[PDB]
Amino acid sequence: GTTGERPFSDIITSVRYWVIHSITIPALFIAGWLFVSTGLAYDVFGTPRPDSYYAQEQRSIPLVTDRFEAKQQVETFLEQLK
Amino acid sequence: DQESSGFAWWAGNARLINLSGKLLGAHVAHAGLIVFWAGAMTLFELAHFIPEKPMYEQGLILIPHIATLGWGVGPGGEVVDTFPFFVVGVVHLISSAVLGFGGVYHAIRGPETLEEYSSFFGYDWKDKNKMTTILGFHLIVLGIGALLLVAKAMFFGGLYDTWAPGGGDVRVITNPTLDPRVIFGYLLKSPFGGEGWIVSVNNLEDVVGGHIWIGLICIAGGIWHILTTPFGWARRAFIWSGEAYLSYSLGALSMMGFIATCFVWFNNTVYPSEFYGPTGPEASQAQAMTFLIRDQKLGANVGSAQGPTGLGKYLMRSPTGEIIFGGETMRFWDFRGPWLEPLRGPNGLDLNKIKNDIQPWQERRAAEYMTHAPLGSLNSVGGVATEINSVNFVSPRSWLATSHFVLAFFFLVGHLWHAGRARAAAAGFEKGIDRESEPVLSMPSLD
Amino acid sequence: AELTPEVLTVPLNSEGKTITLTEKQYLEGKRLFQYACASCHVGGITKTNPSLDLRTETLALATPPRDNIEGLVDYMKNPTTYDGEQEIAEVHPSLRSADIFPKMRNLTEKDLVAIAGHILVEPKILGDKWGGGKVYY
Amino acid sequence: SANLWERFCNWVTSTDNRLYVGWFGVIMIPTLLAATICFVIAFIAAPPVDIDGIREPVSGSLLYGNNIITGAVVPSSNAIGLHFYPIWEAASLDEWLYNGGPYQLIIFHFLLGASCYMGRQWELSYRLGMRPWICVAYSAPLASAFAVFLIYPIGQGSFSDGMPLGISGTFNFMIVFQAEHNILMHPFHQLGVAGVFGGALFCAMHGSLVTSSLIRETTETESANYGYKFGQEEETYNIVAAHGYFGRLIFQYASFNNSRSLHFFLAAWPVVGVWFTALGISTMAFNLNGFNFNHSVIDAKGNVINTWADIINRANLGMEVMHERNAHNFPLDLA
Amino acid sequence: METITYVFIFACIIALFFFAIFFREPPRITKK
Amino acid sequence: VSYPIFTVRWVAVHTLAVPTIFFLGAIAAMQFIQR
Amino acid sequence: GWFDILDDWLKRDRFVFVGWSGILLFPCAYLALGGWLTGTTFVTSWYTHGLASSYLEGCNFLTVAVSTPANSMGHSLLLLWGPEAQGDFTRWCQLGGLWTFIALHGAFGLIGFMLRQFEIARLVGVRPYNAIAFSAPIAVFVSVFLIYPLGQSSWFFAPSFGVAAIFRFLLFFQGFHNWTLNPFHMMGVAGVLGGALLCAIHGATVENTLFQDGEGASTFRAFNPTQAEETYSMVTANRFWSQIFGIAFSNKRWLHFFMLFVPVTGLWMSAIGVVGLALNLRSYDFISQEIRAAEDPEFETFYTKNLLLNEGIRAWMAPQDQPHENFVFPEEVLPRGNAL
Ligand code: CLA
Ligand code: CLA
Ligand code: CLA
Ligand code: CLA
Ligand code: CLA
Ligand code: CLA
Ligand SMILES: CC1=C(/C=C/C(C)=C/C=C/C(C)=C/C=C/C=C(C)/C=C/C=C(C)/C=C/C2=C(C)CCCC2(C)C)C(C)(C)CCC1
Ligand SMILES: CC1=C(/C=C/C(C)=C/C=C/C(C)=C/C=C/C=C(C)/C=C/C=C(C)/C=C/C2=C(C)CCCC2(C)C)C(C)(C)CCC1
Ligand SMILES: CC1=C(\C=C/C(C)=C/C=C/C(C)=C/C=C/C=C(C)/C=C/C=C(C)/C=C/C2=C(C)CCCC2(C)C)C(C)(C)CCC1
């Protein structure tokens, strides 16, 4: 009923753990926060900002219409201030 | 005192079945939670309440309850003084502290059992005399409560009557229906379409009157139980244990939970469409009204207008011949309402009154109720599932009905659960089949 | 793709003169539109009379013209039929009937202008959606 | 005779009957027999029914052009609504069959009997000295029949809106429901499929694990089933070897070792899940529908940016717009 | 023709139900 | 016993734990974006 | 030999068993779940479906999704380094590269996982009836997420990974395939529904036919983890159902295999139906019905009613559900009933 690993109960209870994780856990949190709040995420995944779905006048959708020249076609969609 | 060697943790409260003292603490602390909510919620509602705005458009379910009792409202359900709402809220919230005190006290300080610290309050589940007696006490307490309503209506102010002659207004009932033939007649009424059983009550005279009967009958039975014991059959029929008594009251609440669901959904009287929303049928009736009113103004002869099916665009007949509204609204021809009745004749909707007695207040009433049908989403988006976000609304009639059906059902489950256990607890196999004496093994093979 | 002041420029009166609303007014109008209109006029239609919508073109062919701040504001005080040959404030929310339509009691002239602006701005944004019904949802 | 009535009660309550006719059985047996007989006759030979009360009869019986899949027993007329419509309320049977008379006779008798059937599942358990609550598990499928046959018609105001008694007819009930209520986007429904998916999952789980950890008592060319005799003392499978395997599939503490904690979970999950799905239909019977995220996410200008929720709405409109062709005269469907 | 086939199979299932219930193999204990 | 620290369990745990909180922080920030 | 030493390490009894299977399972399984959770929060479906599909755009847990690639893509594998994305990561996301990512990876993860079942069973020395069972979920994923779109025009018509995005997949099959009318699907639900019954009824049967092996009411503690006697009365269970239902089990070994058979068989039947829908070989209509419906305008069944619902679903949904078709349906051509 036991294996090599240190029983979770002990670790989650150890002061050493929290001394570590009071630093580590919030760190990742603030990092992920910055990832969005700095708008970096928008660029990593090409996700449109609230002001970047259409052009001002245009009401059409930037649908990719051919596989091989898709990447080029996409870039052209960003051109019209979209 | 009590731990794993009694019940499991997740069945903790069952360790108090035989601890009268602590079991009283629970009930007194619990009753505080009910008073606390009622109080704290009323103030929550009031704090958001907007006077010059319909109550049903504000997510209120407690302030409209006070309104019905003739408090802070006037002509047409107009909100006059919000002070009574504030009072009812704060007084409760205070009383919750008093009850909570005793609750906490009896559960962690006071006697863990009562039998010795006072033989009057101490009790035995199998003591058919004490049980019928304690039952007799509450049967009176509830009885006086029933008369507390009668008092408010006949003496201390009245109730909100939507059926008011001059139009919906607070009215003092000074003529309660006391005729037993009429009162108890409701109980002999069908529960289907038309004959609506208890929910079919349509005037405050019966409401007040009926409560007089209940009030007296309840106390009468309250005294009866104090001075008696269960008979012969009464003892050879029921199961006498702490759980059994619980089960009996569980199924009881379940039944009342279902009755309450239909009441808030159908009844127009004790649930005013001015404070709550318009009832389901009421809303569908209003649309037929609205467009009968419109198109007629465009020069259409509603009486002879032929719909796609050739049935009657605006007006048709009920299966018994009465003139009713047309369309899918043919199912709600049982609807009765203050705004609609003046158009009704001896044979149903009169074509002449319809033709020239339509009042403006009725037109905008129809439009209002039409545009406030009890249709909405969980995230509170008023309308059909295909509607667009804009109108944040869900009829209080919808909230109450759904919530209390869920509760009523689960309580029916709780009933079966606790009734099934009590029967097995009594006979004594609620913990498994006796390995040695296995009953089935003593019965002939049917094969 | 944003709510520019270029978009928030709507006709003030019949004589071509225009007015430019602010993002504060728009939001305020939109909110007030939900408070007192959405009930029957959700998404530019009219539940209790689908024949007449809040399309700018429809308001233009109204009598008097209701396709401007001034038209709409007047309507919200003394509403009429499409030909204007009949006042309908008794069966329609308005200032002169606030006793009958309590929602209209709070409403002040600022609110009226905000609401008016909203009706003229939405079709600039939504387009055919604002006028049509379920077809365009 | 020790006393006729006393003997009667002893016969009813008798646990020596091939089929336990209980006290609940005294109500169940006649009611279930009336329901089934009427159904069978209806499903085969019943004439078309004006379900929507718009004088537009819908034939749902075999003899009238249907097969098993399409055939059904059509719900009572919308002209009757929630009115009670027994045979003795009709000028003739011809009228009774036209207004969907049989339907009420069936659903009422079934629901009554199916309730006593639950009542009997307690009784026999009581008579045999075993624990109750078996009936409590059956409360879940019963509460659904109740929600589908009674609660929804009450809420909507007509029995014509109750689920028809047939295959394709059941499909209509669903499709339309989705349109009027957006049920797929409702938590209670989602909990339902979860219990139903999980159920089938766990049913396969338990089923497999046990049958895979059977103690060898059979030949190589002999049915592994014969390695069990009815009325055994000891267990027929190594629950300790079962736990050892499944405990290694995921991780030990995420595996059952208590057969009683196992079978409780096996029972609890689907029953609870279906309980919610039944409450879902019962809740949406009062038009408290699923989440409405239509035109939620919009861009900086105000343009509507569509989601899958919007694509769902388009499918829903189509259902709404086309259902009950000639039944509607007015813009809003409040019925 | 179709109607007959449908009722026939149905009648057969009901027939099976009968035999399955009242003409099953008697479930014998221990000594099986 | 003298348990070790870095183990295979530790690796597994972190492969899910570390990104999760990083995502919970990112999403938490999204609640303040508007237009 | 290094092999047997490599073997030694892998098959070591840890907290989380690795094994040879793990070399395939854990990498894919993690990337699949990870890819989903990634796209769910960050990547959009604007350039592919004209849809917002992430938390970043404002979608919630229900409306979020990893949407399928464009119809232009065809059945392209959409490799990160493929002709489409050309090594670019951002472009790859925008072209719905994460979908084929999740799909193919998850596919191998399901392979690794069943292999894990096979490997662990072998080690523990138990029968692999857990692997046989897991074949049903495989068939479904394969038939639905791979075979089906491989029969259609492109990956675009495969189910997109997301809650709501699956709901449309249901409605689509209704509107377009009349999937509910398919005999193979019906067998499907019968197995799942019948399987969810067996699950319920058996557990409850057991919990309420138990022997008393303790003095407490919470009978959970009173169980012997080390076999011995049957914890519940199989004999009592038999006589019970034999009197309330008329039929009853009497062979635990059969009862449990039956619990395996029913839901596994069902899922397999539903798979076959979907394989038929790929070529669009659906169970849409009954020719005898339509022929009468054409000649006779008074003939109406619940079957005919449903088809009208389908016509509406198709007409009102197609435009925004199939952007690549540039559909334009005038108000007047839209099929509608009266008033609505
Ligand atoms: C008058 C009402 C009432 C009363 C007094 C009791 C009293 C009792 N019940 Mg009981 N029961 C009731 C209604 C009631 N029940 C109903 C309606 C049901 C149907 C669901 C049940 C189902 C039930 C079962 C299945 C069992 C009991 C048991 C018991 C006994 C032990 C108490 C216990 O287990 O606490 C422990 C309490 C808990 C573990 C709390 C459970 C929390 C619930 C399930 C969640 C509620 C959801 C909530 C609204 C959401 C909140 C959001 C959250 C994030 C905060 C006790 C005598 C137990 C027993 O020993 O039987 C005799 C037992 O096994 N009851
Ligand atoms: C309505 C809710 C409710 C109520 C009133 C009670 C009441 C009670 N439970 Mg209980 N219980 C509940 C829900 C409830 N339970 C639920 C949901 C569960 C499942 C988790 C349990 C599980 C459970 C177990 C397992 C046991 C009890 C026991 C008891 C009894 C003794 C309490 C105790 O040990 O004191 C201990 C008190 C403390 C540790 C201090 C708590 C602080 C107090 C009580 C709360 C203060 C309230 C408020 C903030 C202060 C207001 C002050 C103001 C008025 C001035 C008591 C009658 C025990 C029993 O059988 O009695 C012998 C027992 O063993 N319960
Ligand atoms: C049961 C009676 C009841 C009813 C009919 C209502 C009705 C209402 N409340 Mg209310 N409320 C209640 C009890 C009730 N409440 C209680 C007990 C509390 C104290 C916590 C509150 C606190 C409260 C607040 C603070 C507010 C309301 C508001 C409202 C209104 C808006 C409803 C809304 O948006 O909710 C939507 C809510 C949901 C969709 C949540 C449903 C939760 C379900 C029941 C969970 C079920 C899961 C299940 C239990 C899981 C267990 C299974 C497990 C054991 C396996 C509405 C009129 C709002 C209002 O007035 O604004 C207009 C408001 O701000 N209520
Ligand atoms: C469910 C209600 C209820 C019940 C049945 C009991 C029962 C009991 N309490 Mg108790 N208690 C309660 C609520 C309740 N309490 C509340 C809410 C509090 C908080 C204030 C307390 C605080 C409390 C303390 C501090 C003590 C008790 C004690 C006792 C025991 C001795 C009897 C006693 O003190 O009465 C003596 C008093 C009377 C017989 C007369 C009281 C009459 C009052 C003043 C009028 C009540 C009016 C009522 C609301 C309306 C009813 C009239 C209506 C029918 C018209 C007894 C078992 C004592 C104890 O533990 O000893 C064993 C003790 O020391 N209780
Ligand atoms: C809720 C409060 C309450 C409770 C719990 C009880 C409890 C009890 N009363 Mg009782 N009683 C009460 C109030 C209450 N009483 C009132 C207010 C009065 C004054 C009228 C009486 C007058 C009274 C008398 C005169 C007697 C009792 C007796 C009894 C005991 C046996 C009851 C019994 O076997 O019924 C079982 C009921 C039946 C077997 C008959 C079933 C047929 C029912 C009535 C019809 C079907 C119900 C249906 C589903 C509901 C539809 C509604 C209907 C109108 C259509 C029991 C302890 C008896 C006793 O032992 O004396 C001490 C007794 O003789 N009661
Ligand atoms: C062992 C686990 C495993 C497996 C089976 C896969 C499987 C897959 N991954 Mg993958 N991946 C994994 C782990 C794994 N991944 C890990 C841990 C990561 C994180 C770094 C990734 C990150 C990742 C990304 C970022 C992508 C994939 C993709 C893919 C798919 C296409 C890859 C391809 O073309 O293979 C190619 C196969 C091989 C290279 C095997 C060659 C083996 C031979 C024996 C070696 C011969 C080499 C030699 C030079 C040949 C000489 C011949 C001479 C003529 C030149 C495929 C389903 C792609 C995808 O899903 O597209 C939609 C994609 O874009 N993976
Ligand atoms: C008119 C009116 C009114 C009044 C009412 C009333 C008067 C009521 C009453 C009611 C009542 C008065 C009721 C009663 C009931 C009863 C019951 C509910 C019973 C039950 C019973 C049971 C359940 C039993 C069972 C059994 C049997 C039978 C056999 C043996 C065993 C047993 C015991 C199980 C009101 C106020 C509303 C308002 C106005 C109108
Ligand atoms: C894509 C990709 C990749 C991958 C990455 C990854 C793998 C990531 C991961 C990620 C992750 C891994 C994430 C996670 C997340 C999670 C989350 C975000 C969670 C949340 C949760 C929650 C929210 C919860 C809730 C709840 C529940 C459900 C239960 C009940 C209660 C509660 C409420 C608590 C790579 C680079 C390789 C390559 C490229 C592509
Ligand atoms: C036994 C027990 C339990 C239970 C407990 C309880 C249930 C308690 C209760 C408690 C309570 C039941 C409490 C109450 C409280 C109340 C209070 C404390 C009051 C307050 C009031 C005030 C403070 C006043 C006034 C006001 C106004 C008039 C307005 C403004 C605001 C204010 C609010 C200030 C538990 C489960 C935990 C555990 C086990 C044991």
# chains A, B, ... in the order shown; residues from 1 in each chain; ligands from 1
>>> interface_residues(of="chain G", to="chain B", cutoff="12 Å", atoms="only C-alpha atoms", output="ChimeraX atom specification")
/G:206-223,229-240,242-243,246-248,250,337-340
>>> residues_around(residues="residue G:132", least_positions_apart="2", cutoff="9 Å", atoms="only C-alpha atoms", output="list in words")
residues 208 of chain D; 114, 128, 129, 130, 134, 135, 136 and 264 of chain G
>>> write_last_selection(atoms="N, CA and C atoms", output="compact mmCIF listing (two decimals), in the first residue's frame")
# COMPACT_ATOMS: atom_id res chain seq x y z
N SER D 208 -16.34 -5.12 -16.81
CA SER D 208 -15.08 -5.63 -17.35
C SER D 208 -14.12 -6.07 -16.25
N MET G 114 -4.85 2.15 -24.21
CA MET G 114 -5.32 0.77 -24.27
C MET G 114 -4.14 -0.19 -24.16
N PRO G 128 -7.52 -9.33 -19.88
CA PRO G 128 -7.57 -8.04 -20.57
C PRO G 128 -8.96 -7.64 -21.06
N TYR G 129 -9.99 -7.95 -20.28
CA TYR G 129 -11.36 -7.59 -20.65
C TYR G 129 -11.59 -6.08 -20.46
N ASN G 130 -10.62 -5.40 -19.87
CA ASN G 130 -10.65 -3.95 -19.73
C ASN G 130 -10.18 -3.28 -21.02
N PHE G 134 -12.57 -1.11 -23.80
CA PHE G 134 -12.14 0.23 -24.20
C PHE G 134 -12.12 0.41 -25.72
N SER G 135 -12.39 -0.66 -26.45
CA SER G 135 -12.45 -0.59 -27.90
C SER G 135 -13.63 0.24 -28.39
N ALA G 136 -14.74 0.18 -27.66
CA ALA G 136 -15.92 0.96 -28.02
C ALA G 136 -15.61 2.46 -28.06
N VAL G 264 -20.83 -1.60 -24.57
CA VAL G 264 -19.77 -1.69 -25.57
C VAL G 264 -20.35 -1.95 -26.95
>>> interface_residues(of="chain C", to="chain D", cutoff="12 Å", atoms="only C-alpha atoms", output="PDB file with C-alpha atoms, in the first residue's frame")
ATOM      1  CA  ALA C   1     -12.971  48.650 -35.912  1.00  0.00           C
ATOM      2  CA  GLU C   2     -14.100  50.906 -33.053  1.00  0.00           C
ATOM      3  CA  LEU C   3     -16.852  53.309 -31.951  1.00  0.00           C
ATOM      4  CA  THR C   4     -15.378  56.524 -33.395  1.00  0.00           C
ATOM      5  CA  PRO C   5     -16.900  59.993 -32.938  1.00  0.00           C
ATOM      6  CA  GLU C   6     -17.299  59.714 -36.699  1.00  0.00           C
ATOM      7  CA  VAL C   7     -19.932  57.048 -36.044  1.00  0.00           C
ATOM      8  CA  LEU C   8     -21.489  58.973 -33.142  1.00  0.00           C
ATOM      9  CA  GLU C  23     -19.149  57.301 -25.556  1.00  0.00           C
ATOM     10  CA  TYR C  26     -24.142  56.224 -26.016  1.00  0.00           C
ATOM     11  CA  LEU C  27     -23.694  53.841 -23.089  1.00  0.00           C
ATOM     12  CA  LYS C  30     -28.141  52.107 -24.442  1.00  0.00           C
ATOM     13  CA  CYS C  40     -41.167  45.951 -26.597  1.00  0.00           C
ATOM     14  CA  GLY C  43     -33.243  44.931 -31.255  1.00  0.00           C
ATOM     15  CA  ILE C  45     -38.379  45.814 -33.661  1.00  0.00           C
ATOM     16  CA  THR C  46     -41.830  46.266 -32.106  1.00  0.00           C
ATOM     17  CA  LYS C  47     -43.331  43.236 -30.410  1.00  0.00           C
ATOM     18  CA  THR C  48     -46.793  44.758 -29.933  1.00  0.00           C
ATOM     19  CA  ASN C  49     -46.899  45.975 -33.557  1.00  0.00           C
ATOM     20  CA  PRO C  50     -44.275  44.364 -35.836  1.00  0.00           C
ATOM     21  CA  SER C  51     -45.368  46.521 -38.772  1.00  0.00           C
ATOM     22  CA  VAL C 121     -26.521  55.040 -33.645  1.00  0.00           C
ATOM     23  CA  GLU C 122     -27.367  51.337 -33.478  1.00  0.00           C
ATOM     24  CA  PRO C 123     -28.244  50.910 -37.165  1.00  0.00           C
ATOM     25  CA  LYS C 124     -24.967  52.658 -37.989  1.00  0.00           C
ATOM     26  CA  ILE C 125     -23.296  49.803 -36.109  1.00  0.00           C
ATOM     27  CA  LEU C 126     -25.517  46.729 -36.472  1.00  0.00           C
ATOM     28  CA  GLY C 127     -26.989  47.490 -39.879  1.00  0.00           C
ATOM     29  CA  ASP C 128     -29.756  45.235 -41.212  1.00  0.00           C
ATOM     30  CA  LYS C 129     -29.706  43.522 -37.802  1.00  0.00           C
ATOM     31  CA  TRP C 130     -31.138  46.558 -36.013  1.00  0.00           C
ATOM     32  CA  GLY C 133     -36.022  40.337 -36.529  1.00  0.00           C
ATOM     33  CA  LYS C 134     -35.078  36.688 -35.989  1.00  0.00           C
ATOM     34  CA  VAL C 135     -34.002  36.426 -39.634  1.00  0.00           C
ATOM     35  CA  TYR C 136     -30.849  38.409 -38.889  1.00  0.00           C
ATOM     36  CA  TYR C 137     -30.136  37.140 -35.358  1.00  0.00           C
TER      37      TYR C 137
END
>>> select_by_dssp(residues="chain F", states="helix (DSSP H, G or I)", output="list in words")
residues 8, 9, 10, 11, 12, 13, 14, 15, 16, 17, 18, 19, 20, 21, 22, 23, 24, 25, 26, 27, 28, 29 and 30 of chain F
>>> write_last_selection(atoms="N, CA, C and O atoms", output="compact mmCIF listing (two decimals), in the first residue's frame")
# COMPACT_ATOMS: atom_id res chain seq x y z
N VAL F 8 9.42 10.91 -10.12
CA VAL F 8 8.61 10.87 -11.33
C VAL F 8 7.23 11.45 -11.04
O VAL F 8 6.64 12.13 -11.88
N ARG F 9 6.72 11.18 -9.85
CA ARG F 9 5.45 11.72 -9.41
C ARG F 9 5.53 13.24 -9.38
O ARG F 9 4.62 13.93 -9.84
N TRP F 10 6.63 13.74 -8.83
CA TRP F 10 6.88 15.17 -8.77
C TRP F 10 6.81 15.81 -10.15
O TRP F 10 6.16 16.84 -10.32
N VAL F 11 7.48 15.20 -11.13
CA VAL F 11 7.47 15.67 -12.52
C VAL F 11 6.05 15.75 -13.07
O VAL F 11 5.63 16.80 -13.55
N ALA F 12 5.34 14.63 -13.02
CA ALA F 12 3.95 14.55 -13.44
C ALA F 12 3.10 15.65 -12.82
O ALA F 12 2.45 16.42 -13.54
N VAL F 13 3.09 15.70 -11.49
CA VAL F 13 2.37 16.73 -10.74
C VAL F 13 2.59 18.14 -11.28
O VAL F 13 1.64 18.89 -11.49
N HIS F 14 3.85 18.47 -11.55
CA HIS F 14 4.22 19.81 -11.98
C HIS F 14 3.84 20.10 -13.43
O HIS F 14 3.54 21.25 -13.77
N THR F 15 3.87 19.08 -14.28
CA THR F 15 3.48 19.24 -15.67
C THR F 15 2.04 19.73 -15.80
O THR F 15 1.68 20.36 -16.80
N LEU F 16 1.24 19.46 -14.78
CA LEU F 16 -0.14 19.90 -14.76
C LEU F 16 -0.32 21.12 -13.86
O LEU F 16 -1.04 22.06 -14.21
N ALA F 17 0.35 21.12 -12.71
CA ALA F 17 0.21 22.18 -11.72
C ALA F 17 0.74 23.54 -12.17
O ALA F 17 0.06 24.57 -12.04
N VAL F 18 1.96 23.54 -12.71
CA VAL F 18 2.63 24.77 -13.13
C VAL F 18 1.87 25.50 -14.24
O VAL F 18 1.62 26.70 -14.11
N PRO F 19 1.51 24.80 -15.33
CA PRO F 19 0.75 25.54 -16.34
C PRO F 19 -0.61 26.02 -15.84
O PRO F 19 -1.00 27.14 -16.14
N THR F 20 -1.31 25.17 -15.09
CA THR F 20 -2.63 25.49 -14.55
C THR F 20 -2.70 26.86 -13.90
O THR F 20 -3.48 27.72 -14.33
N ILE F 21 -1.89 27.06 -12.86
CA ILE F 21 -1.82 28.33 -12.15
C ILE F 21 -1.43 29.47 -13.11
O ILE F 21 -1.96 30.58 -13.01
N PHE F 22 -0.53 29.18 -14.05
CA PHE F 22 -0.17 30.15 -15.07
C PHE F 22 -1.38 30.54 -15.92
O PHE F 22 -1.50 31.68 -16.36
N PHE F 23 -2.25 29.57 -16.18
CA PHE F 23 -3.50 29.80 -16.92
C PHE F 23 -4.56 30.48 -16.05
O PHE F 23 -5.30 31.34 -16.52
N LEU F 24 -4.67 30.04 -14.80
CA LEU F 24 -5.59 30.66 -13.85
C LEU F 24 -5.28 32.13 -13.61
O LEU F 24 -6.18 32.91 -13.31
N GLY F 25 -4.01 32.49 -13.71
CA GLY F 25 -3.60 33.88 -13.59
C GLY F 25 -3.93 34.69 -14.83
O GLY F 25 -4.38 35.84 -14.73
N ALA F 26 -3.70 34.10 -15.99
CA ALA F 26 -4.00 34.72 -17.28
C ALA F 26 -5.49 34.99 -17.45
O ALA F 26 -5.90 36.10 -17.81
N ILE F 27 -6.30 33.96 -17.22
CA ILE F 27 -7.74 34.07 -17.32
C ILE F 27 -8.28 35.11 -16.35
O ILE F 27 -9.12 35.94 -16.71
N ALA F 28 -7.76 35.09 -15.12
CA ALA F 28 -8.14 36.06 -14.09
C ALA F 28 -7.95 37.49 -14.56
O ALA F 28 -8.71 38.38 -14.20
N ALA F 29 -6.93 37.70 -15.38
CA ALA F 29 -6.65 39.02 -15.91
C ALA F 29 -7.65 39.39 -17.00
O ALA F 29 -8.02 40.55 -17.14
N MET F 30 -8.12 38.38 -17.73
CA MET F 30 -9.05 38.59 -18.84
C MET F 30 -10.36 39.21 -18.40
O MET F 30 -11.07 39.82 -19.20
>>> residues_near_ligand(ligand="ligand 4", cutoff="8 Å", atoms="only C-alpha atoms and all ligand atoms", output="ChimeraX atom specification")
/B:21,24,27-28,98-103,105-106,110-111,114,117-118,121-122,137,140-141,144
>>> residues_near_ligand(ligand="ligand 9", cutoff="7 Å", atoms="only C-alpha atoms and all ligand atoms", output="mmCIF file with C-alpha atoms, in the first residue's frame")
data_model
loop_
_atom_site.group_PDB
_atom_site.id
_atom_site.type_symbol
_atom_site.label_atom_id
_atom_site.label_comp_id
_atom_site.auth_asym_id
_atom_site.auth_seq_id
_atom_site.Cartn_x
_atom_site.Cartn_y
_atom_site.Cartn_z
ATOM 1 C CA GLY B 25 -30.700 23.131 19.693
ATOM 2 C CA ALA B 26 -30.622 22.115 16.042
ATOM 3 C CA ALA B 29 -30.680 27.266 15.492
ATOM 4 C CA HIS B 30 -32.240 26.102 12.209
ATOM 5 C CA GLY B 32 -33.010 31.099 13.128
ATOM 6 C CA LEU B 33 -31.598 30.482 9.651
ATOM 7 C CA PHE B 36 -32.344 35.241 9.151
ATOM 8 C CA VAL B 90 -35.254 44.273 10.243
ATOM 9 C CA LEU B 93 -33.157 39.774 11.200
ATOM 10 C CA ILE B 94 -33.179 40.738 14.879
ATOM 11 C CA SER B 96 -32.769 35.480 14.125
ATOM 12 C CA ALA B 97 -30.157 36.474 16.712
ATOM 13 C CA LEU B 99 -33.298 32.111 18.056
ATOM 14 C CA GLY B 100 -29.691 31.537 16.979
ATOM 15 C CA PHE B 101 -28.638 32.200 20.581
ATOM 16 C CA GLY B 103 -29.911 27.147 19.208
ATOM 17 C CA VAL B 104 -26.184 27.453 19.772
ATOM 18 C CA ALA B 107 -26.331 22.445 21.197
#
>>> residues_around(residues="residue C:115", least_positions_apart="3", cutoff="6 Å", atoms="only C-alpha atoms", output="list in words")
residues 29, 33, 112 and 118 of chain C
